[PDB]
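Notes to accompany the following structure.
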Number of protein chains: 2
Amino acid sequence: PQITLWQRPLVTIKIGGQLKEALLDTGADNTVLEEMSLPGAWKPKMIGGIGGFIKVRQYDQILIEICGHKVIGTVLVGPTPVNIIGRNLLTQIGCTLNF
Amino acid sequence: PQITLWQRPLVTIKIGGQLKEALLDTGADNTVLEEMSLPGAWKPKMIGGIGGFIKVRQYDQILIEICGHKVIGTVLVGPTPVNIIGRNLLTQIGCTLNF
Ligand SMILES: Cc1c(O)cccc1C(=O)N[C@@H](CSc1ccccc1)[C@H](O)CN1C[C@H]2CCCC[C@H]2C[C@H]1C(=O)NC(C)(C)C
């Protein structure tokens with residue numbers, strides 16, 4: 001698909017058997033999801049946004065369905081107000097900016 | 001142009017007679033620039049990112065050159081670590097996400 005930017009670029013994702021809405025975010029290096037239970041091992045990480053830092057749990061090799069594309073990558077879980085799909089996963093769906 | 005996302009989508013902008021680098025940011029509703037002097041009237045605003053909020057100055061009807069496209073819009077100025085081009089200006093250059 002082509003997605004214009006007059007509205008937030010929100011898409012449906014499936015992760016850990018759960019359906020969620022997430023923002024396609026070219027300004028984010030990483031993918032950051034609201035608190036959820038993901039099975040398996042994780043590592044502590046801190047990430048900085050505008051306004052400061054949040055503590056997150058880093059899960060590797062996590063399967064996510066983003067607009068029907070299955071992708072595997074690192075997802076960070078913590079107190080973000082919006083689920084963010086960052087460049088680490090955007091590249092896996094061949095997502096480009098065009099103008 | 002088409003811009004892939006293996007690296008941060010940084011572009012050169014010209015604003016207030018100054019050259020800066022800024023990130024094309026589909027996850028940002030607004031455009032937020034590091035501290036700079038812009039002439040004219042402004043209004044106080046607070047903006048929330050991941051991690052918290054920052055106080056900014058809101059300038060309207062500001063001319064900015066983004067990859068040779070001249071656009072006019074609202075620019076927020078304050079303590080962001082990276083200049084951010086948000087959807088308010090991305091729409092003006094006809095920027096789309098494609099995959
Ligand atoms: C999520 C993330 C990473 O994993 C790695 C690096 C940065 C970020 C990150 O927070 N990036 C942000 C730009 S602000 C920014 C700050 C530093 C570097 C690059 C961008 C997002 O793209 C936009 N970001 C998406 C979203 C993140 C959760 C909180 C609500 C919004 C806030 C919005 C935002 O900040 N908007 C402003 C108008 C204040 C700029």
Side-chain angles (χ1 to χ4, degrees), chain A residues 1-11 21-35 45-56 65-71 73 76-99, chain B residues 1-11 21-35 45-56 65-71 73 76-99:
Chain A
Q2 178 167 285
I3 296 166
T4 60
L5 295 170
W6 297 95
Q7 304 289 324
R8 290 182 173 185
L10 296 165
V11 301
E21 293 177 28
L23 181 73
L24 299 181
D25 185 357
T26 57
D29 300 338
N30 314 285
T31 294
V32 193
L33 267 23
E34 295 180 290
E35 197 54 46
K45 200 196 164 72
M46 271 180 255
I47 54 178
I50 225 162
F53 285 79
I54 58 163
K55 296 177 178 174
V56 294
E65 295 169 10
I66 309 169
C67 302
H69 290 259
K70 286 162 200 304
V71 303
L76 277 20
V77 181
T80 176
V82 182
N83 297 313
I84 298 307
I85 307 303
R87 296 189 297 99
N88 74 297
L89 264 33
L90 293 176
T91 52
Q92 307 304 109
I93 71 170
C95 182
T96 60
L97 287 160
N98 306 71
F99 52 93
Chain B
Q2 176 164 288
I3 293 165
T4 58
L5 293 170
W6 297 94
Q7 304 288 329
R8 290 183 178 189
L10 295 166
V11 301
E21 295 191 32
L23 182 72
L24 301 176
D25 186 357
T26 56
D29 298 339
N30 315 286
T31 294
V32 193
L33 267 30
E34 294 182 289
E35 197 52 49
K45 198 198 172 66
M46 283 186 204
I47 57 170
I50 230 164
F53 69 88
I54 60 165
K55 298 178 272 193
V56 294
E65 292 170 11
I66 307 167
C67 305
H69 275 276
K70 284 160 195 290
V71 308
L76 276 20
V77 183
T80 176
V82 173
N83 298 314
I84 297 307
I85 307 301
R87 295 189 297 99
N88 73 297
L89 299 181
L90 292 177
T91 51
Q92 306 301 112
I93 71 169
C95 184
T96 60
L97 288 160
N98 308 67
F99 54 95

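For the numbers below, each heavy atom of this structure counts, side chains included, while hydrogens, waters and symmetry mates do not. Here is the naming used below: chain letters follow the sequence lines, and residue numbers restart at 1 for every chain.
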Q.
Only pairs of heavy atoms separated by less than 4.5 Å count here; which of A/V82, A/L24, A/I50 has the most with chain B?
A. A/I50
Q: For B/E35, look at atom CD and say whether over 12 heavy atoms of other residues, nucleotides or ligands are found less than 6.0 Å away.
A: yes
Q.
Counting heavy-atom pairs closer than 4.5 Å to chain B, which one of A/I85, A/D29, A/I84 comes out on top?
A. A/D29
Q | Contact summary for A/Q92 and B/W6, nearest pair of heavy atoms | A | OE1-CH2, 3.9 Å
Q | Contact summary for A/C95 and B/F99, nearest pair of heavy atoms | A | CA-CB, 3.8 Å
Q | Top of A/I54, A/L90, A/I93, A/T80 for chain B proximity - count of heavy-atom pairs under 4.5 angstrom | A | A/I93
Q | Contact winner vs chain A - B/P1, B/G94, B/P79, B/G78, heavy-atom pairs under 4.5 Å | A | B/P1
**Q.** Which atoms of A/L23 approach chain B - backbone, side chain, both or neither, heavy atom under 4.5 Å
**A.** side chain
Q.
Heavy-atom cut-off 4.5 Å, strictly under: side chain, backbone, both or neither for A/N88 against chain B?
A. neither
(Q) Is A/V32 close to chain B through its backbone or its side chain, or both, or neither, when contacts mean heavy atoms under 4.5 Å? (A) side chain
Q. Counting only heavy atoms not in A/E21, do more than 12 fall under 6.0 Å of its CD?
A. no
Q.
On a heavy-atom basis, which atom in B/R87 and which in A/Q7 lie closest, and how many Å separate them?
A. NH1-C, 3.4 Å
Q. Looking at B/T4, B/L97, B/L5, B/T96, which one forms a side chain to side chain contact (heavy atoms under 4.5 Å, CB included) with A/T96?
A. B/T4
